[PDB]
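Visitor: Once you've had a glance at the structure underneath, I'll fire off some questions.
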Amino acid sequence: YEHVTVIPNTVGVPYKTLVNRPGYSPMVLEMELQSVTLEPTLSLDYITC
Amino acid sequence: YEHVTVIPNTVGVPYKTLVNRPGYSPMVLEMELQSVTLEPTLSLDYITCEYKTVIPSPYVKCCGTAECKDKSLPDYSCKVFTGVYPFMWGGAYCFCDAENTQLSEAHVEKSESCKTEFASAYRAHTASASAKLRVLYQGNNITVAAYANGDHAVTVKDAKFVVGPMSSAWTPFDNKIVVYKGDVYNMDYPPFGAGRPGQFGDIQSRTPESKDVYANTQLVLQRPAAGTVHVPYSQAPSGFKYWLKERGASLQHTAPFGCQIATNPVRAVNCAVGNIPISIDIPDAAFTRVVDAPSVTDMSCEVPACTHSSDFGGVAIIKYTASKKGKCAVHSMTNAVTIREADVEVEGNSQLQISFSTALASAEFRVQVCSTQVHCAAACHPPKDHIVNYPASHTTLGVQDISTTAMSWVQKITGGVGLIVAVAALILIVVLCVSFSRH
Ligand SMILES: *[C@@H]1O[C@H](CO)[C@@H](O)[C@H](O)[C@H]1NC(C)=O
Ligand SMILES: *[C@@H]1O[C@H](CO)[C@@H](O)[C@H](O)[C@H]1NC(C)=O
C-alpha cells in the first residue's frame, strides 16, 4: 500500500497521483507544496562592529 | 437419489456437492467436517511409578554370628558384616570386643505416589474413526455425527447417510504407547519383568492397586563404617523420577499432519490425511421439478475485480433475465473456481453478484445457474501478502493450467519446420523418381 511518486519542486502547482490497488476503486490524490525551506548548518567565526 | 461423493479430510474447507436428478432442479449440498477423531483401541500393559526403599533397623547380633533368612521379597538384600563394633552415645552397644556382627537387610516396595503420580504403558493396535459434519440443508445448518466406517447410517430430516471408511489407514500411534497425565509419547517400552536398572521401567506393577511388583534396581549393601550405626547401600536411581527430564517432545508437537492428541480417552483430532467417502440418500421431497423451478435467459457474466488469493478475491456480476421468483442453485462446472454462495433467490430481470476463489491467473469457466450454463472470462492478480493464517480452499490445480497470453505465446513460438522438411522431401522425391518406378 506504499505508493512512490516524484513531483517537481514547484510551489503552487497541484499534482494528481493515481493509486490503483487491484480490487479497489482507483483513488486520485492532489498534492500541493506550500514552502520548501533549506536550513544550512551555521558556525559563528567572529563578529564585526 | 443416492448420492456418493468423496471429500478430502481437511478441516475448515466447505465442499459443495451437485446432486443431479433427471427431470428435477439440481441440488447443491454444502458439507464441512468440523472434527475427525481417531480413538485407538487401548490395551493396558502395565503401570510404572516411583519406588520406596523400605529399610528397617539393622539387626546387630551381639557376641554371635548372624544368619540371613531367605525371604521372597522383590530385590531382597541381606548382608552380614563381621567384626563390627558399633558405638552409641555412652560407648559400645556390645559387651564382646570382636565376635559381634551387623546384619543389614533392605527391600523395595511401591511408593504411595503410585496411586496418583504414575506412567502407564499401553498397547495400541486399531483406531475407530468418528466425525462430526455440518450440512447446509435447505437453508439450515444441521450438525450430525457418526463413526466413519461405512456401517452406521444416520437419518436426520429424512436424509439417510453413511460416512467412510477412510481411504488411508494411517495412524499416528505405533504398537507401543506410554501415557502420562495429559501427555502421550511413542516409546518402545521394555516388556514386563525385564526392566533395566536406572532406565524407564525399573519398577513395574500391573495395576494401581495390585500387591505384587517387579523390581530390578541393583541394590547392593556396603559395609558400615567402624563404630557407626547406619545402613549404607547402593542408590537405586529411579528411571521414572528422572524420566521427566529427558522426555524430548511429546507426540502433540511431533506428530505429522497436525494431529492433536487428547487423553481420557486418548484420541487424534483433525489428522489431515486422505479423503473420505460419504453417501447420502434423500427421496424426491427435497427435489423440485424443472418446470417448478424458474428458468433463465440472456445470461452474461462480468468480473470487474479478481485476485487469486485464499479469500474470496474474485467477484462476478451476472446480468440475467428470469421467468419467475424462486430459489436457484449455482454450481461451477470447472474445478478451478469455487463459489461461497450455494443458493440464490432469483426474481426476474435483475443482476446477481457472487464471490469466488480461484488459483489460476485467468478463469474461463461455465456456471450452471438455474440448470443453464453461462461462460465467464476473468483475469485474476496475485495478492500483496505472503502469509495467511488460514489455509487455502482453491488448491485443485495442476500442469494443464490455462492462463493469460501464455498459451498464445507458446502458439507463436511453435512456428515449426515441417514446411522446409516437406520441400526437402520434395527434392528427395524428385531425385528418387528419376529411376525409382519399381521398388
Ligand atoms: C487424580 O487422582 C486420582 C487418585 O489419585 C486418580 O484416580 C485420577 O486418575 C487422577 N486424575 C488426573 C486427571 O490426574
Ligand atoms: C451456517 O453456519 C455458517 C458458519 O457458522 C454460517 O457462515 C452460515 O451463514 C450459516 N447458515 C445458516 C443458514 O445458518
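Labels used: A, B, ... for chains in the order of the C-alpha cells, numbers from 1 for residues in each chain, and numbers from 1 for ligands as shown.
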So which residues are near ligand 1, meaning at most 6 Å away with only C-alpha atoms and all ligand atoms counted, given back as a list in words?

Guide: residues 115, 116 and 181 of chain B

Visitor: Keeping only C-alpha atoms, write those residues as a compact mmCIF listing (two decimals), in the first residue's frame.

Guide:
# COMPACT_ATOMS: atom_id res chain seq x y z
CA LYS B 115 -1.81 -44.19 43.03
CA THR B 116 -1.66 -40.54 41.92
CA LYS B 181 -1.14 -37.11 32.67

Visitor: Would you list which chain B residues are within 8 Å of chain A using only C-alpha atoms, as a ChimeraX atom specification?

Guide: /B:305-307,313,381

Visitor: Store the residues of this selection in a file with N, CA, C and O atoms, as a tab-separated table (two decimals), in the first residue's frame.

Guide:
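out-v8.tsv, freshly written:
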chain	number	residue	atom	x	y	z
B	305	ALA	N	-13.39	-7.24	-10.78
B	305	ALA	CA	-12.21	-7.30	-9.93
B	305	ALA	C	-11.95	-8.74	-9.55
B	305	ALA	O	-12.87	-9.44	-9.11
B	306	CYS	N	-10.71	-9.18	-9.71
B	306	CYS	CA	-10.35	-10.54	-9.33
B	306	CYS	C	-8.90	-10.59	-8.90
B	306	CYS	O	-8.02	-10.02	-9.55
B	307	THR	N	-8.67	-11.27	-7.79
B	307	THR	CA	-7.32	-11.51	-7.30
B	307	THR	C	-7.28	-12.94	-6.78
B	307	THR	O	-8.13	-13.35	-5.97
B	313	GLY	N	-11.31	-13.51	-3.39
B	313	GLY	CA	-10.73	-12.41	-4.11
B	313	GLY	C	-11.31	-12.17	-5.47
B	313	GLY	O	-10.94	-11.19	-6.13
B	381	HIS	N	-5.25	-11.32	-10.21
B	381	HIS	CA	-3.92	-10.82	-9.87
B	381	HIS	C	-3.38	-11.43	-8.57
B	381	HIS	O	-4.15	-11.87	-7.72

Visitor: How would you report the residues lying within 6 Å of ligand 2, as a PDB file with C-alpha atoms, in the first residue's frame, if you count only C-alpha atoms and all ligand atoms?

Guide:
ATOM      1  CA  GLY B 139     -31.198 -23.081   4.179  1.00  0.00           C
ATOM      2  CA  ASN B 140     -30.500 -24.618   7.594  1.00  0.00           C
ATOM      3  CA  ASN B 141     -27.287 -25.610   9.352  1.00  0.00           C
TER       4      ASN B 141
END

Visitor: Would you kindly return, as a ChimeraX atom specification, each protein, DNA or RNA residue with an atom no farther than 10 Å from any atom of residue B:83, considering only C-alpha atoms and excluding same-chain residues fewer than 4 positions away?

Guide: /B:65,97-102,226

Visitor: Store the residues picked out above in a file with N, CA and C atoms, as a PDB file, in the first residue's frame.

Guide:
ATOM      1  N   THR B  65      27.101 -64.774  65.616  1.00  0.00           N
ATOM      2  CA  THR B  65      27.177 -64.699  64.164  1.00  0.00           C
ATOM      3  C   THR B  65      25.748 -64.736  63.644  1.00  0.00           C
ATOM      4  N   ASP B  97      34.251 -57.875  72.379  1.00  0.00           N
ATOM      5  CA  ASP B  97      35.110 -56.996  71.594  1.00  0.00           C
ATOM      6  C   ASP B  97      35.090 -57.274  70.094  1.00  0.00           C
ATOM      7  N   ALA B  98      35.156 -58.533  69.660  1.00  0.00           N
ATOM      8  CA  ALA B  98      35.283 -58.775  68.227  1.00  0.00           C
ATOM      9  C   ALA B  98      34.243 -59.689  67.605  1.00  0.00           C
ATOM     10  N   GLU B  99      33.615 -60.582  68.366  1.00  0.00           N
ATOM     11  CA  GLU B  99      32.724 -61.580  67.778  1.00  0.00           C
ATOM     12  C   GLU B  99      31.314 -61.023  67.522  1.00  0.00           C
ATOM     13  N   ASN B 100      31.195 -59.715  67.316  1.00  0.00           N
ATOM     14  CA  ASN B 100      29.909 -59.081  67.082  1.00  0.00           C
ATOM     15  C   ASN B 100      29.785 -58.759  65.603  1.00  0.00           C
ATOM     16  N   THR B 101      28.581 -58.931  65.074  1.00  0.00           N
ATOM     17  CA  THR B 101      28.335 -58.741  63.655  1.00  0.00           C
ATOM     18  C   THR B 101      27.116 -57.862  63.408  1.00  0.00           C
ATOM     19  N   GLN B 102      27.091 -57.255  62.224  1.00  0.00           N
ATOM     20  CA  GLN B 102      25.979 -56.425  61.777  1.00  0.00           C
ATOM     21  C   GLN B 102      25.279 -57.062  60.584  1.00  0.00           C
ATOM     22  N   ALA B 226      33.390 -48.178  60.780  1.00  0.00           N
ATOM     23  CA  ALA B 226      33.797 -48.555  62.131  1.00  0.00           C
ATOM     24  C   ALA B 226      33.144 -47.701  63.210  1.00  0.00           C
TER      25      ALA B 226
END

Visitor: Between atom CA of residue B:252 and atom CA of residue B:188, what distance in Å does the model show, to one decimal?

Guide: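 About the pair atom CA of residue B:252 and atom CA of residue B:188: they are 17.5 Å apart.
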
Visitor: Interatomic distance between atom CA of residue B:51 and atom CA of residue B:178?

Guide: 18.6 Å
